[PDB]
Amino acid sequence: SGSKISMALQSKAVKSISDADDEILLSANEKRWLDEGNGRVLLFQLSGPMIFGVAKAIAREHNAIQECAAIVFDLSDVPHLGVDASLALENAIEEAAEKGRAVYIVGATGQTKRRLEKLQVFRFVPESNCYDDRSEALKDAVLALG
């Protein structure tokens, strides 16, 4: 099912990026011709309303999350964390400390947890802000808003 990141401010305000194959529906025949192109043919499938281009859509999302007071990172479904991605996650955590945002981490285990340990994430996230329970983290985040 590949990899996915989803960002949600609200139950009906969800933005996601994915490299899963099933995100597009291709007939066997279509797959046949796409693959025959051997990477030389790029298929853009667009669905639903297309209001803003990619750049401004991204910018609108950036503006939308500037006022978040708490970030919950759910890593339950992450079986492996690369070095670069771990540094990206550390950067977000550090940015959060500089702009005044609380940080919670859910479900880090195995190699993913080991990698985060080496970054010394604990300096910014206390053990009390780590959970195995996503809904408990969300609840605590909300209640600690003020």
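All residue numbers refer to positions in the sequence shown, first residue = 1.
K.L.:
I need to verify one thing: averaged over C-alpha atoms only, is the B-factor higher for 76 to 84 or for 63 to 71?
P.N.:
Mean B over CA atoms: larger for 63 to 71.
K.L.:
For the higher mean C-alpha B factor in the entry, choose 37 to 45 or 91 to 99.
P.N.:
According to the PDB entry, the answer is 91 to 99.
K.L.:
Using the B-factor values recorded in the entry, state whether the Cα atom of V121 falls in the lowest, middle or highest third among the modelled residues of its chain.
P.N.:
For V121, whose C-alpha B-factor we compare with every modelled residue in the chain, the answer is the highest third.
K.L.:
Would you mind ranking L25 by its C-alpha B-factor against the rest of the chain and naming the third, lowest, middle or highest?
P.N.:
Its C-alpha B-factor belongs to the highest third of this chain's values.
K.L.:
Would you please rank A108 by its C-alpha temperature factor against the other modelled residues of its chain and give the third it falls in: lowest, middle or highest?
P.N.:
CA B-factor rank for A108: middle third.
K.L.:
If you rank every modelled residue in this chain by C-alpha B factor, which third holds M7: lowest, middle or highest?
P.N.:
Ranked within chain, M7 CA B lands in the middle tercile.
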